[PDB]
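A.B. asks: this one is an experimental structure. Sequence first:
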Amino acid sequence: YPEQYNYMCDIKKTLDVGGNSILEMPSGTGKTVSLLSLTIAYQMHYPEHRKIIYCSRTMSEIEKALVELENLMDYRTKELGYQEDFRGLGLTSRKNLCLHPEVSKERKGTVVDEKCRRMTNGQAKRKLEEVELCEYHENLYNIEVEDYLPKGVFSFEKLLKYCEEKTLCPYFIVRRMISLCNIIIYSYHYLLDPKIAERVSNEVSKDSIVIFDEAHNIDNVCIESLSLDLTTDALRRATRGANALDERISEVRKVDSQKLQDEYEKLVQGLXXXXXXXXXXXXXXXXXXXXXXXXXXXXXXXXXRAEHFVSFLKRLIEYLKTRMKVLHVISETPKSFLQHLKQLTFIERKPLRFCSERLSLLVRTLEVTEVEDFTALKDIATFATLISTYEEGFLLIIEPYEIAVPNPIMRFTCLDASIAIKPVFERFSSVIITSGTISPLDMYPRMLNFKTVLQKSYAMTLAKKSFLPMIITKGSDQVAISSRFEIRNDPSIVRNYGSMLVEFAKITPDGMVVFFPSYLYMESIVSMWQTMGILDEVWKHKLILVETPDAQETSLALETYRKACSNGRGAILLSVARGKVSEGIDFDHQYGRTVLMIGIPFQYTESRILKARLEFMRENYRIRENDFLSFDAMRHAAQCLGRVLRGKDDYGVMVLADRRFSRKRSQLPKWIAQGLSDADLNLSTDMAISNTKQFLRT
Amino acid sequence: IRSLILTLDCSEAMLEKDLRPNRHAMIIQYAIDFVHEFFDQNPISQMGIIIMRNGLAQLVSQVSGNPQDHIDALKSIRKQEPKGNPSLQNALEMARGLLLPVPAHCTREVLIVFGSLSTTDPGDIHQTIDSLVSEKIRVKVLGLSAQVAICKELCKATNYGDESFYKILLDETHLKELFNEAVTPXXXXXXXXXXXXXXXXXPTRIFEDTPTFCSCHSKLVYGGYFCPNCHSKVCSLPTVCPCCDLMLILXXXXXXXXXXXXXXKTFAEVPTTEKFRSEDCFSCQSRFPXXXXXXXXXXXXXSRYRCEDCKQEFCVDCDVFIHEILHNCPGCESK
Ligand code: SF4
Ligand SMILES: [Zn+2]
Ligand SMILES: [Zn+2]
Ligand SMILES: [Zn+2]
């Protein structure tokens, strides 16, 4: 198609010249473009030069990229008849890419890597001075396994079944195949991870093309890289962890103190560099991204052992308990907090080097490690590494006392996001940035400063198949104003709005998905609604996303949606744009043909974080009180707009309330503003015009 | 030859005010007219009317070739209010129960007038779709306004995987057009199998009524058909003799056969400035200029219709008339 062909030419010229490009792709028709453009762009140079580094935000997009990559393999193998070196490595979740926890553990928690470290330590201990090896090991590093992938694609599911048949473990296959430089499909939380980005950065060996897919929550991921809430219980886990460290000190000092002195000599002689250069296949700890930290010559507590580290650690956690037991409102400057700490007790600005080393020493002296104590020690260790370094833009904040019991909390505020993304513009080039929910695309040259080119979407045809109306008059124009407050006002008006949702849902009974700015309105209309005929006549049942989302509940709600729409029933999907699961799988009538939006998206205000980042961005780009109520809400609404668009062969309609939507842009800017009662008949005609123009335009 | 099962939606959704005065009355009336036209262009065909009311499928007109039974059965529906909800699965299962005794050499058609946007079925309708496709049953759905995915999968699955039979109606005229489309047969590409039937009687007409006679009802008559096999004098219809099971056809089978054999050759439009012949029609007589929108640019041009199988001239009204009825072109009878 010519429209996507233009984006192919843009990707070509930006990959051949520019080092980074902001490309705006139309929603639903821009996923399969870059996947083939990158491969052909690799074949025109020479077959193995740059590799695809596709980055998504969810796992569903990773699976879609895997099956579409398989469509690329079949596409290139069915048109030429020649077999080439296949690519495609599926890097997914650790719990989903492991087989043993499904045989004995029967758990899908985040502690599967700890059990994997127990098995790996079992292998190392059966190869040194002596649990079993695991299920199958010692044959995952051979050439045959290194060639099972280039000869045949085994990614994720095919790798899970292939490992279940060939009696292998997929974790070491993927880990050993990161250096093979295949098409890696991982998420943003792995490229910028203060524990994963280092090893991945050391295995990919750079020199590739990075593809930022749906790059609209990049600031959200850079924010989520820090901010850890200290909620008084971590102080108890740190106290019990310090007691466990004292017991371990009594154990290593009781009988076996030679290994601690030998490793201590390894620290005095070769320091952290030798300690990390000698150990292989050993569990590591957290770090504030060593490539971004750039701090060498880590001295081990001014050349000291473990008793001094646990003494200064007890003093440090006691100082933390002292700083967390205060009045109520108090803000901290990370420099003033470090100076106050120095006034309480001298410890200098080197507890970072004192944590990254002592944690590894304790690991080298521990054989039975408790998970909660070690986890709390890793939390306090991260807090130390981030009060010792990284201060520009960092802002320690104490949560106020609001009952005062449920209160002693201390959160650290992260720094400028440009710093975190920075290394990719030295490691790499021609980083393609594609997103279908960006409008306007000027807040990415502004916020996050980087020199790039701007390419907007140039595809807009068959406007009769993309019904895009907006509702302004709700029959009284009183719910659009009351539906914009943080706390709802006049419950009777909200009940009238819900009645309007009952009338609208009754008018168009063909799959409805409703998005809310928060769960307060949902919990207010679901308690006592004075009506339920929509569930009793057209919808049979209603689908509600819990304010505390669950994986199995959401999965049963989505499968219930597909089966309900495949039985000719339909169901209303009351979800939150700010909640979990942003979806993205459409291209069928099983999804909501009509989508309802309750006003415009809103972010929770009256929070210390929004004021800290508010004044920070105010000092940075001077975009105060203007972009945090239109850019974020524009992205959250665009997440709902992207679900309506699903190819030109399909149709749909999305109703946006509130006049304030005119102040923001939108994908395909062709919108007509009228009432809701008129939109009922208008949609009643569109449900037939969309069915008439299909065979006429074909 | 054909066996159509008319399944009308008769639920609460039909009580709405779309058609005038409501959807139910217009669907019933247009269904009566569809019975008239269907039994006019298909004499030896079979019909069976089922309604979807109260969440159940109710057979209101048994499979028969007499139109009066269907007429009365349709008159009884308009005297009650359509209540309940439609059930596509029960209607398709009962339609299966009515189409199974039909021989394989006769087509099995199910015409569903679906006005509601939702159905109430007990079991999984996809299994019923598999059963319909397995036993070869063509299903055509005339839906109201918005589309239903189940109707798409049903009409597409029951027609060799081709989708062009789930017709959307937007007005009374459109519904009339679809009704008319169900009169005409559908010579599809098929799957290439064997076909033939044997034993078709031709009757002798008995005018005697002094003592009267009846072998199918034992009542008084004014004359009746004669079976050339069991030699019974029954009520007159060109359908099957109910005394030994064989047809009683006459010139009606020839009529519908020739109607299914009509090529309907559209005559080519040639301007008078290109044909160089005087304004003439061979079925009547036309000295009328067809084109005259402008001055001399259109008046002196006109339009003469041409049958190329005889090189003859005709006017438009006669092309339309010979396309409606009669064999095409009188000039093709003179050599
Ligand atoms: S070797 Fe594989 S199966 Fe065994 S614990 Fe490690 S990841 Fe799990
Ligand atoms: Zn007989
Ligand atoms: Zn004429
Ligand atoms: Zn002729």
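C.D. replies: Perfect, I can see it now. Residues are numbered from 1 along each chain as shown, chains lettered A, B, ... in the order given. Ligands and ions are numbered 1, 2, ... in the order given.

A.B. asks: so residue A:529 sits against residue A:495, correct?
C.D. replies: Yes: assessed by Cβ atoms under 8 Å, residue A:529 is found in contact with residue A:495 at 7.2 Å. Just so you know, the C-beta spots here come from the backbone N, C-alpha and C atoms, and that holds for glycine as well.

A.B. asks: dump the residue contacts of residue B:215.
C.D. replies: B:232, B:233, B:234, B:243 (Cβ atoms under 8 Å, 6 or more residues apart in numbering or on different chains).

A.B. asks: how many other residues sit next to the third one?
C.D. replies: Read it as residue B:234. 21 (other Cβ atoms under 10 Å in any protein chain shown).

A.B. asks: who's it bridged to?
C.D. replies: Beta-bridge pairing for residue B:234 (DSSP bridges): residue B:225.

A.B. asks: how near is it to ligand 1?
C.D. replies: According to Cβ to the nearest ligand atom, to the nearest Å, residue B:234 and ligand 1 sit 83 Å apart.

A.B. asks: one more: residue B:88?
C.D. replies: Taking Cβ to the nearest ligand atom, one finds residue B:88 at 50 Å from ligand 1.

A.B. asks: please list all residues in contact with that residue.
C.D. replies: A:568, B:52, B:112, B:114, B:119, B:121, B:125, B:150, B:154.

A.B. asks: now, those residues that are in helices?
C.D. replies: If you go by DSSP state H, the contacts of residue B:88 have B:125, B:150, B:154 in helices.

A.B. asks: may I see these arranged in CSV, with neighbour count as well?
C.D. replies: Below are the ones in helices among the contacts of residue B:88 laid out as CSV (neighbours: other Cβ atoms under 10 Å in any protein chain shown):
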residue, neighbour count
B:125, 20
B:150, 24
B:154, 26
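
A.B. asks: and of those residues, the nearest to residue B:173?
C.D. replies: Distance to residue B:173 across the ones in helices among the contacts of residue B:88 (Cβ to Cβ) is lowest for residue B:154, with 25.1 Å.

A.B. asks: quick check: phi and psi at the closest residue to residue A:493 other than its chain neighbours.
C.D. replies: Spatially, and ignoring its direct neighbours in sequence, residue A:493 is nearest to residue A:482 (4.7 Å; Cβ to Cβ, 6 or more residues apart in numbering or on different chains). Note on residue A:482: its backbone torsions stand at phi -70, psi -20 [degrees, to the nearest 10].

A.B. asks: so residue A:383 sits in a strand?
C.D. replies: No: Residue A:383 is assigned helix when assessed by DSSP: H, G, I helix; E, B strand; the rest coil, not a strand.

A.B. asks: the residue in chain A that chain B sits nearest to: what secondary structure?
C.D. replies: When distances are taken as Cβ to the nearest Cβ, chain A reaches nearest to chain B at residue A:687, 3.8 Å away. Following three-state DSSP, residue A:687 is assigned to helix.

A.B. asks: could I get the full set of strands for the stretch 201-335 of chain B?
C.D. replies: Per DSSP state E, counting those that start in this stretch, the stretch 201-335 of chain B carries strands over the ranges B:225-226, B:233-234, B:247-248, B:268-270, B:304-307, B:312-314.

A.B. asks: that older thread, how about CSV for the contacts of residue B:88, with distance to ligand 1 added?
C.D. replies: Formatted as CSV, those follow (distance: Cβ to the nearest ligand atom, whole Å):
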residue, distance to ligand 1
A:568, 44
B:52, 56
B:112, 55
B:114, 54
B:119, 49
B:121, 46
B:125, 44
B:150, 45
B:154, 47
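
A.B. asks: ok, so of these, who is nearest residue B:40?
C.D. replies: Set against residue B:40, the nearest of the contacts of residue B:88 by Cβ to Cβ is residue B:112 (22.2 Å).
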